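Where a number appears in this text, it was derived from the coordinates with a stated rule and is not lab data. For neighbour counting, all protein chains shown are included, and Cβ atoms are generated from backbone atoms with ideal geometry for every residue, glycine included.
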Amino acid sequence: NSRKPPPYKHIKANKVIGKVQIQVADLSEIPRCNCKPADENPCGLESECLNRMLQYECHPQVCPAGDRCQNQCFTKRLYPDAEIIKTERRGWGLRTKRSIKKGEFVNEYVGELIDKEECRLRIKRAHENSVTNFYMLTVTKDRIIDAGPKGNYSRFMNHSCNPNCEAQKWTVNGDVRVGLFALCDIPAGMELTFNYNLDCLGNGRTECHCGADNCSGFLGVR
Amino acid sequence: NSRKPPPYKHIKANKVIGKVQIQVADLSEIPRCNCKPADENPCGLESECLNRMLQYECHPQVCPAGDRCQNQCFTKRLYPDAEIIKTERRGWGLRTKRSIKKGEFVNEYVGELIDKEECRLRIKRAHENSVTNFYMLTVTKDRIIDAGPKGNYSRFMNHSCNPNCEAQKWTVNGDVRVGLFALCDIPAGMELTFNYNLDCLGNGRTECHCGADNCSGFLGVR
Amino acid sequence: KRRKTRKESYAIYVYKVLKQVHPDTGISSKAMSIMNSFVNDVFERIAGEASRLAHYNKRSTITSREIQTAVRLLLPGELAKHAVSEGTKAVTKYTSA
Amino acid sequence: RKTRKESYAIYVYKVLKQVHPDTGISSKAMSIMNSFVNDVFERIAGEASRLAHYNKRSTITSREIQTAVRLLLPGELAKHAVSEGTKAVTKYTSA
Amino acid sequence: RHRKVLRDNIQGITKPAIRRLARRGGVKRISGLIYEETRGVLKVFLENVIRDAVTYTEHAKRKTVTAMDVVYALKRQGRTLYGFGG
Amino acid sequence: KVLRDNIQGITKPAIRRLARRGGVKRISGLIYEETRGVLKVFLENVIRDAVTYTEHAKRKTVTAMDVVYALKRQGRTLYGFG
Amino acid sequence: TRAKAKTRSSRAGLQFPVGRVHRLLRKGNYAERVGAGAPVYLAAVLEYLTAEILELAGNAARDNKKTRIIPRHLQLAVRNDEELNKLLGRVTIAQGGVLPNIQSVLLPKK
Amino acid sequence: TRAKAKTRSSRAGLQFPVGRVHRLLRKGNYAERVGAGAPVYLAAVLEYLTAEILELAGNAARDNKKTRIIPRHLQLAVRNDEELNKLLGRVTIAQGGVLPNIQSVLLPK
Amino acid sequence: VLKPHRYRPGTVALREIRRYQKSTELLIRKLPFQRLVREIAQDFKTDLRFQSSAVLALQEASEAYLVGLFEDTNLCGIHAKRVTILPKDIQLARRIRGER
Amino acid sequence: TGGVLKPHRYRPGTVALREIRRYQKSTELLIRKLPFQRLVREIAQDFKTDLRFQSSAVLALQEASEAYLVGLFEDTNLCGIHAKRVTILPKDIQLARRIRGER
DNA sequence: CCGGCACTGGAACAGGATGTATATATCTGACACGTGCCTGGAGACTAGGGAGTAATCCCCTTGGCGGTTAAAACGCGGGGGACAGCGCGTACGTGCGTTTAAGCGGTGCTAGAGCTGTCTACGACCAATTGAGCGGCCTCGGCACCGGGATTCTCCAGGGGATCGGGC
DNA sequence: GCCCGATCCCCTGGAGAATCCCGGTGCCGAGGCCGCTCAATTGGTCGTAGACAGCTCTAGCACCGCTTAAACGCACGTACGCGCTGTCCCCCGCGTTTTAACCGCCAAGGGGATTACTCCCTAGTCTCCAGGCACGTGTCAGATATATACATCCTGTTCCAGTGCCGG
Ligand SMILES: C[S@@+](CC[C@H](N)C(=O)[O-])C[C@H]1O[C@@H](n2cnc3c(N)ncnc32)[C@H](O)[C@@H]1O
Ligand SMILES: C[S@@+](CC[C@H](N)C(=O)[O-])C[C@H]1O[C@@H](n2cnc3c(N)ncnc32)[C@H](O)[C@@H]1O
Ligand SMILES: [Zn+2]
Ligand SMILES: [Zn+2]
Ligand SMILES: [Zn+2]
Ligand SMILES: [Zn+2]
Ligand SMILES: [Zn+2]
Ligand SMILES: [Zn+2]
């Protein structure tokens, strides 16, 4: 009631439950940039990387910079600070230790690969017995990421009409994945939060109880 | 000292005193327009005559529109009204009777084809016997017009720093002439005037003593 | 003096053609060179096209049937329809005598 | 029936095995090399023809062939081909 | 007679087809009036080649258009093409 | 004597006259240096071919037919000079 | 020779030389043999394409009050006809000049 | 025929047919007489020109980790060399493609 | 169910510029292209048959023509300080080339 | 002691529209013959040394050079007008030559 | 307070959930190799003409000098055009769901392309005769300038005729 | 009261004008003739290219059914044209002074262009013999595709070790 939530099975990768699986592509359909072996930032963040700009991810077997490039971040998992902490206005929230300049990302959104009909059935069960499951994410047609039973330190996140993160999708090794980022520079020790545009098939539940210029709003107004 | 100005000889064309006379042009150098035999104004005023805009003058043997054209005005002498009236501020000047739409011209400025050295001789004569000649106008290097002995109503004219007449040069039948045109629209019954910029190697005589905003100026500055 | 050798041109047939369209005009010695060049330039395009038409088909003769096709491939739309009439009338009048 | 058809396939395949001993080639590419050879042959011959005509001659010789290459090939290609030709023409006669 | 005539077949060159041809040439943003003009530009180019190919075909006294007539009619306008014979 | 600096005999008014016959009304100030480089690479391509045609015939004098052939070779036919 | 000779230009009714076109075809390296109607067909086209130009050149020389053709009229004749201008597109005539043409946006307006 | 027949392209030291180039020249209506060193001169040039468009196509195919040659490697070899690009300027190669090129004003800032 | 932020304008275009410049296939439909050839060719002669590979030869010439006209059209727009192409750049390109 | 009057000048664009009409109607040559003839002999010296020229072979080069330049200055103008200008700059010549196919 | 006895868990066990390599099912299509033969290339002469080499002639390319006038060079003012910054609103791009032809395998059929054999009319070849076309020397004669009187018109010239301050 | 002697608006004897027009005069570039020589027409003879009739067999056109990727509407938010205003600098129109292109002569010699003579390089025939082309046998390109014990990592559990509580 006042401490660490009930146990949640931790998973690092994305497992499959339904019928669609991962797409292991060979080293023949992966795009390849045009950077040159150079100073501290090759294929870096302040560079002109044709693969970074278009939201691609380089493979260490094609990128000419070998193992010096910085464009391999989804497969290495050097997540920053701000593990789980407790919030008083909402459930848990998070707070960081070091200030992150604009341009770095936060832990990847992991879960289970349920499908459309399975989401239908699950939300209908949880509705008819009043559980109100709200851990879903549509990434493609008949492909949904579920962070209800499993997940990581990401699924303990909230909404904010004045946010500082963003949910933008990347294509890695011929497969689409979702990752949280940082909008701009922020201080340390505060609660990072992100906006999401809800799409409800029924009724709208509540109003966003954040405090700022325009955070009166609602949950699903725009 | 109370009536019409001292006697002058009334003439219409210009005669030669020096060595070079008119350059009689053949009917093979006269430029040509693109007007068609059409409504009431061919080669008119509000139309776009490729001759009228470049300050040329048609000749009835080449122009396609024949004799209906209205671009024959230096050779027909349909001079306007406004005979002589004595002036209270300066000697005689001139005055008009009716109104004139801006875009039409007044009598041609005619005289004698004096030259450089003889003009020098004449100005020195006027100094060493107190005449102070004031009838000179440059048209071309060693081609000058003098309106002392010859002339018409035009030579009875004065200066202003805010006039309503302008002196532009036209090329008729291969020969460069000078005709005064009206700057702005003029109501009936006032004094017209044109501005001239002097070029003298002597000393500055006086200031333009009219009454207006920029009327002060001076003779030989602006 | 040596009486230098002879050189042939078309300048006495161009002059016969001119006097049937305009019986009272002349022509300049520098305007006749341009017409020589014109005729010599148009002869070669047609001959060179018929030479390839006859070789694509494995023949070894040039007849009045390759010339007609070369005229159509070379000339524009409304020009290529009067030249055919001229040529096909001349050939008929010739082969009757 | 099916008399024959001549091509440069068995000579292109001989030349390839001197620059790249372990490499193949396909049919769509052989059919392009053939067109290339046939296209250059008839640009080089149809100009020696015109040279011999302009000069009032009747024979095509190695001098016409050498001059008609300096007008076609640009730059260093000509400088190397003119050297390649006069080696074969020298080795052929002294035998 | 099996004489099924055709009409209004210039609308089978759709809008996505034209967008792909413009993407291969390097174009980022496209107006909305290019589509009714690329078709007029293509219909002019095809006629000047089909006319010459049919002219080369009638001379040989045949009824089938072969793949050499097209190569000759193309090379005759300075647009040589490698790969289809010759 | 070896010649040099003759590209500057193509003056500025001589280029304004060609621009007026072409039909232009107003001219910048860097066109005069841009045009003397376009005129100097057109002449080399023609003189090279004329001198080749001249050496093939064992002469020492460039005639007026060498230039006509070297022009026709590049699709720039010229009527009037035999 | 037994009868009275008659040139071949008079049998067809032409003004250009059939017997010289025949020899130019025969000694020009075009083919191994040459038929009998090829010169008679080629001369009758070479003459039409010449009358066609001289007519327009004479018309153009008349509208300037002159009685003689010079290289300027051959230029004005061809650059005004949309099929001669297609036949002679890449050709340069010596001492011909250009056509008068000014763009509308450059004219001085009020 | 007494001695041992020996080809004409083995005296010169070539790979292309001199005896066939000769007949193609003689039966093509180019002139009235053909000398004796003209085919020997022309075969060497036809061989030099073809023995160097393959030495670039092989290199371009080895940079894709492949074994054969296909019509795309010939395009890549030809449009990347500044003399062959001027010789084969108005030629179209079937199934070739284009060169990867994107302007500098259209990239995002 | 929530959705992630959508792409920005100019990415899904700049990403397929990069993949159509890498393949070598044909970019039109074969049956619609062939029905138009058989229709144009009716104004010159009736009852014509076409070999199977005389129609595969015209498609490549046509696509090679259009792909290269668009690259000339794309420079006039940049000259005028735009990034879209309009129907008045095609006309300038063709007129300067010498076709219309 | 006495001034001499002067009329009004011309407006910018009149003496430049008179010369277009004067030069688009003549047929004369617009370059000086001796300056042009020195340039040809200077260029042709880096191909073969000490060779002579015919007086009518030097006159055929001058007729082609002018016909080339006059027809390049007509394509430059259409680009200048495309970009909404009246002045021609050095970056129109390059666009014209690149689209036309030389550079 | 010591021992009995019930109460309880970090960590590994048994059987299982599940991730990576390995032994068959069976197709699989196109470049690189043998073998016979039939036509085209090589060898050995002979015959006639095309190109090479040496003299001779005269045309036309190069070089120098003097005088005159038109074009090129240089410095000023000034007004008009190129260029940057804002602001508004229309039209092109991205995403989602329903509707429509393109592509891929068969099956049946005949129109016309490609090759073989026979045979008549057409173009190359050669000798003899004659007129169409090219070069050189001459007229004739309608074009640009000088006169040149003298022409329909206007003009410098002072003159006559209606009109007054006193004159009579 | 009538009019004297001078007085300024009409008026024309030569003049002067440019030049409407009516004749000489010196002009180069198109037109015109009279030899003359070589290229086109007339008349047979000969042999191969091409026209025409048959016949075999590939390949272009038409029809039918099934699965699924591509084309078609429709809604919404925002990035990009397009017009308007203000500043400043650079190109155009004018006068003076300086330089070299043009035009007309004269002079010397290099090299282009014929003409005669001779020799060797190429076409044309017969023999003869091996290279290149069509068809047939062979070894992978090693892809792609399923089953299958069990390779280390996540976990329900059952006797075992600490542990606290009840009791004698
Ligand atoms: C996604 S869960 C995050 C933490 C999780 N519920 C927990 O307790 O561990 C947050 C739930 O509270 C609601 N919620 C979170 N932040 C909110 C806010 N700022 N305004 C209104 N509702 C909010 C959302 O509807 C969501 O269902
Ligand atoms: C051009 S003449 C013609 C007028 C006549 N000569 C007269 O003034 O009695 C005028 C002379 O008067 C002078 N003038 C006229 N108006 C003037 C004015 N408004 N201010 C100064 N001087 C003026 C001029 O200097 C000139 O010399
Ligand atoms: Zn990288
Ligand atoms: Zn990179
Ligand atoms: Zn809120
Ligand atoms: Zn007009
Ligand atoms: Zn008029
Ligand atoms: Zn004043």
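Things worth noting here:
- Spin-label model, B:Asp81 to E:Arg39: label points 7 Å out along the Cα-to-beta-carbon direction sit 6.8 nm apart.
- Antiparallel bridges, percent of DSSP beta bridges restricted to chain B (to nearest 5): 70 percent
- The slack in the chain from A:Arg143 to A:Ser2, taken as 0.36 nm per residue of separation less the alpha-carbon distance, amounts to 47.2 nm.
- Size of charge dipole - chain C - debye, nearest 20, with Cβ of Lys, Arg +1 and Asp, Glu -1, no other charges: 640 debye
- Principal-axis tilt of helix H:38-50 within chain H, Cα atoms, nearest 10 degrees: 20 degrees
- Antiparallel bridge percentage (DSSP; both residues within the protein assembly as shown; nearest 5): 55 percent
- For D:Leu72 and C:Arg45, a Förster radius of 22 Å and the Cβ-Cβ distance give a FRET efficiency of 0.50, rounded to the nearest 0.05.
- FRET efficiency estimate (nearest 0.05) - Cβ-Cβ, C:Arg2 to B:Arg32, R0 41 angstrom: 0.20
- Placed amide H near E:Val65: partners under 5 Å, 5+ positions off or other chain: I:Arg49, I:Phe50, I:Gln51
- Only the Cβ atoms of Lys and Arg (+1) and of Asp and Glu (-1) were treated as charged; on that basis the dipole of chain J about its Cα centre amounts to roughly 540 debye.
- Geometric descriptor of chain F, per residue, is 140 Å³ (volume of the convex hull of the Cα atoms).
- Cleavage-rule hits, GluC sites (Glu not before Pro), the range G:1-81, DSSP coil, Cβ neighbours within 10 Å at most 14: G:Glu32
- The phi-based Karplus calculation (6.51 cos²θ - 1.76 cosθ + 1.60; θ = phi - 60°) puts the 3J(HN,Hα) values of the range J:6-22 at 10, x, 7, 5, 8, 8, x, x, 8, 6, 8, 8, 7, 6, 4, 5, 6 Hz, whole numbers, x for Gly and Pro.
- Of D:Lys91/H:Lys4; A:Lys116/I:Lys30; E:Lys4/I:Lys88, pairs whose Cα-Cα distance is over 30 Å: A:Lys116/I:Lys30; E:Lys4/I:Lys88
- Bridgeable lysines around C:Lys16 (alpha carbons under 24 Å apart, same-chain partners fewer than 8 residues away excluded): C:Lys7, C:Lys30, C:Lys89, C:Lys93, G:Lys6, G:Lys65, G:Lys66.
- Low-density loop positions, trypsin sites (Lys or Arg not before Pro), the range E:42-75 - DSSP coil, at most 13 other Cβ in 10 Å: E:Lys61, E:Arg62, E:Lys63
- The protein assembly as shown shape via C-alpha gyration tensor axes, a/c threshold 1.5: oblate
- 5 angstrom amide H check on B:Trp92, placed H, neighbours 5+ away: B:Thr87
- Charge dipole of chain G (Cα centre as origin; +1 on each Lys and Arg Cβ, -1 on each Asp and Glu Cβ, all else neutral): 520 debye, rounded to the nearest 20.
- Amide H contacts of H:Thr92: E:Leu81, E:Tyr82, each under 5 Å away and 5 or more positions distant or on a separate chain (H built 1.01 Å from N in the peptide plane; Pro and chain starts excluded).
- Part-to-part distance (alpha-carbon centres) for the range H:38-80 and the range E:58-86, which is given in Å: 26 Å
- Selected from F:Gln74, F:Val46, F:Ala57, residue furthest toward positive end of dipole (the range F:31-81; charges at beta carbon): F:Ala57
- Site pair J:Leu29 and H:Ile102 shows an inter-label distance of 5.4 nm when each label is modelled 7 Å from Cα along Cα→Cβ.
- Label separation (B:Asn173 vs H:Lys27): 8.4 nm, computed from points 7 Å beyond Cα along the C-beta direction.
- Rounded Å value of the spacing that divides the Cα centres of the range J:20-40 and the range A:148-176: 75 Å
- Under Karplus coefficients 6.51, -1.76 and 1.60, residue-wise ³J(HN,Hα) of the range A:77-89 in Hz, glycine/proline x: 6, 9, 4, x, 6, 6, 6, 5, 9, 9, 10, 9, 6
- Derived scalar couplings between HN and Hα for the range B:180-188 equal 8, 10, 8, 5, 10, 5, 10, x, 5 Hz in order, rounded to whole Hz, by the Karplus curve 6.51 cos²θ - 1.76 cosθ + 1.60 (θ = phi - 60°), x for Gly and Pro.
- Computed E for C:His82/G:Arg68 - FRET, C-beta separation, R0 30 angstrom, nearest 0.05: 0.60
- Folded to 0 to 90 degrees: helix B:116-128 orientation relative to chain B principal axis, Cα: 30 degrees
- Relative to the longest principal axis of the Cα atoms of chain J, the long axis of helix J:58-82 makes an angle of roughly 50 degrees.
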